[PDB]
Amino acid sequence: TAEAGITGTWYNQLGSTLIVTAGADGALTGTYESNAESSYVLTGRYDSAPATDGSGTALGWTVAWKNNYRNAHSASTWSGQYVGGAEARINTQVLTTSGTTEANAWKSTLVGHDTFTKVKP
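Numbering (our numbering), first residue to last: 48 to 168.
If you want it as C-alpha coordinates, here you go:
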(Lines of atoms letter the chains of each structure in order from A and count residues from 1; the text may use other names and numbers.)
(Lines give C-alpha, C1' and ligand atoms only; values in the text may rest on other atoms or scores of the structure.)
Protein backbone atom coordinates (compact mmCIF):
# COMPACT_ATOMS: atom_id res chain seq x y z
CA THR A 1 0.00 0.00 0.00
CA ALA A 2 0.97 3.67 -0.33
CA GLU A 3 0.58 4.02 3.45
CA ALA A 4 3.20 1.30 4.00
CA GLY A 5 5.54 2.55 1.27
CA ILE A 6 5.57 6.22 2.29
CA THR A 7 5.90 5.80 6.08
CA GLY A 8 9.53 6.09 7.22
CA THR A 9 12.69 8.07 6.65
CA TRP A 10 13.65 9.73 3.39
CA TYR A 11 16.77 11.59 2.34
CA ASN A 12 17.14 14.29 -0.26
CA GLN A 13 20.05 14.92 -2.60
CA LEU A 14 21.61 17.45 -0.18
CA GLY A 15 21.42 15.28 2.97
CA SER A 16 18.19 16.65 4.54
CA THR A 17 16.09 14.07 6.33
CA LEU A 18 12.33 13.59 6.07
CA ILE A 19 10.69 11.44 8.77
CA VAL A 20 7.04 10.87 7.94
CA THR A 21 4.02 8.79 8.92
CA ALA A 22 1.31 8.23 6.34
CA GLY A 23 -2.05 7.69 8.03
CA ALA A 24 -4.69 5.33 6.64
CA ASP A 25 -6.90 8.42 6.15
CA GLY A 26 -4.53 10.41 3.92
CA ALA A 27 -2.63 12.35 6.59
CA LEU A 28 1.09 12.99 6.52
CA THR A 29 2.77 13.88 9.80
CA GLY A 30 6.38 14.00 10.95
CA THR A 31 9.53 16.11 10.88
CA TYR A 32 12.03 17.63 8.50
CA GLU A 33 15.70 17.78 9.54
CA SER A 34 18.76 19.70 8.26
CA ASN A 35 20.23 17.68 15.22
CA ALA A 36 17.40 19.11 17.35
CA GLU A 37 18.06 22.70 16.22
CA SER A 38 17.62 21.46 12.66
CA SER A 39 14.25 19.67 13.23
CA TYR A 40 10.89 21.19 12.08
CA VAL A 41 7.25 20.01 12.14
CA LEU A 42 5.89 18.62 8.86
CA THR A 43 2.24 18.13 7.92
CA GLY A 44 0.62 17.17 4.63
CA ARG A 45 -1.71 14.90 2.69
CA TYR A 46 -1.44 12.03 0.22
CA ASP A 47 -3.73 10.03 -2.05
CA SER A 48 -4.60 7.05 0.18
CA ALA A 49 -6.08 5.06 -2.73
CA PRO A 50 -3.74 5.65 -5.72
CA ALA A 51 -4.05 4.13 -9.21
CA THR A 52 -2.72 0.60 -9.73
CA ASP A 53 -1.51 1.12 -13.31
CA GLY A 54 2.10 1.99 -12.48
CA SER A 55 1.30 5.62 -11.67
CA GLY A 56 2.92 7.32 -8.71
CA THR A 57 1.04 8.40 -5.59
CA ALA A 58 0.30 12.14 -5.36
CA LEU A 59 1.23 13.91 -2.14
CA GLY A 60 2.36 17.18 -0.61
CA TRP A 61 3.47 18.66 2.69
CA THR A 62 4.45 21.94 4.36
CA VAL A 63 7.20 22.93 6.76
CA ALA A 64 7.12 26.36 8.42
CA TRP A 65 10.76 27.27 9.17
CA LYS A 66 10.16 27.99 12.84
CA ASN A 67 11.19 25.85 15.79
CA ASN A 68 12.66 26.48 19.26
CA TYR A 69 16.05 27.50 17.82
CA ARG A 70 15.24 29.48 14.68
CA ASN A 71 12.55 31.41 12.86
CA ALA A 72 13.27 32.20 9.21
CA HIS A 73 9.81 33.79 8.71
CA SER A 74 9.25 31.43 5.76
CA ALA A 75 7.47 28.20 4.82
CA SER A 76 8.13 25.59 2.15
CA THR A 77 5.63 23.31 0.40
CA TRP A 78 6.65 20.17 -1.44
CA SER A 79 4.32 18.82 -4.14
CA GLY A 80 5.08 15.53 -5.84
CA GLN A 81 4.57 11.83 -6.06
CA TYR A 82 5.78 8.66 -4.39
CA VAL A 83 7.09 5.90 -6.65
CA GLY A 84 7.44 2.53 -4.91
CA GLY A 85 9.68 -0.51 -5.46
CA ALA A 86 13.35 -1.41 -5.03
CA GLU A 87 14.48 2.12 -5.97
CA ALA A 88 11.60 3.95 -4.28
CA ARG A 89 11.55 7.73 -4.65
CA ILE A 90 9.55 10.78 -3.69
CA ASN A 91 9.94 13.24 -6.58
CA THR A 92 9.02 16.81 -5.65
CA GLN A 93 8.93 20.43 -6.65
CA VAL A 94 9.15 22.94 -3.82
CA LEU A 95 7.92 26.48 -3.23
CA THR A 96 9.50 28.51 -0.43
CA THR A 97 7.69 31.72 0.53
CA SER A 98 9.21 34.27 2.91
CA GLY A 99 7.18 36.95 4.69
CA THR A 100 7.83 40.22 2.84
CA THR A 101 6.61 43.79 2.60
CA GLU A 102 4.19 44.54 -0.25
CA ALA A 103 7.06 46.18 -2.16
CA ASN A 104 9.18 43.02 -1.98
CA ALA A 105 6.42 40.45 -2.69
CA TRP A 106 7.83 39.93 -6.21
CA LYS A 107 10.85 38.21 -4.59
CA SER A 108 8.89 36.37 -1.85
CA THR A 109 8.80 32.90 -3.40
CA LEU A 110 11.57 30.52 -4.45
CA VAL A 111 10.99 27.48 -6.62
CA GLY A 112 13.13 24.33 -6.60
CA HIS A 113 13.01 20.57 -6.75
CA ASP A 114 13.91 17.80 -4.29
CA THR A 115 14.31 14.07 -4.92
CA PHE A 116 14.02 11.76 -1.91
CA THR A 117 15.33 8.20 -1.63
CA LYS A 118 15.32 5.57 1.14
CA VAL A 119 19.15 5.51 1.28
CA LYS A 120 21.52 8.37 2.21
CA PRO A 121 23.31 10.29 -0.59
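C-beta atoms are modelled at their ideal positions from N, C-alpha and C, and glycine is treated no differently.
Mind checking whether residue 164 and residue 79 have CB atoms under 8 angstroms apart? no
Beta strand (DSSP E) segments (min. 3 residues) lying fully within the stretch 53 to 133: The stretch 53 to 133 contains these whole beta strand (DSSP E) runs: 55 to 58, 64 to 69, 74 to 80, 86 to 93, 104 to 113 and 118 to 130.
Look at the alpha carbon of residue 65 and the alpha carbon of residue 149, and state the distance between them as a whole number of angstroms. 33 angstroms
Quick check: what's the CA-CA separation for residue 174 versus residue 120? Since the displayed the chain opens at 48 and closes at 168, residue 174 lies outside it and no answer follows.
Are the beta-carbon atoms belonging to residue 117 and residue 106 less than 8 angstroms from one another? Not closer than 8 angstroms, so no.
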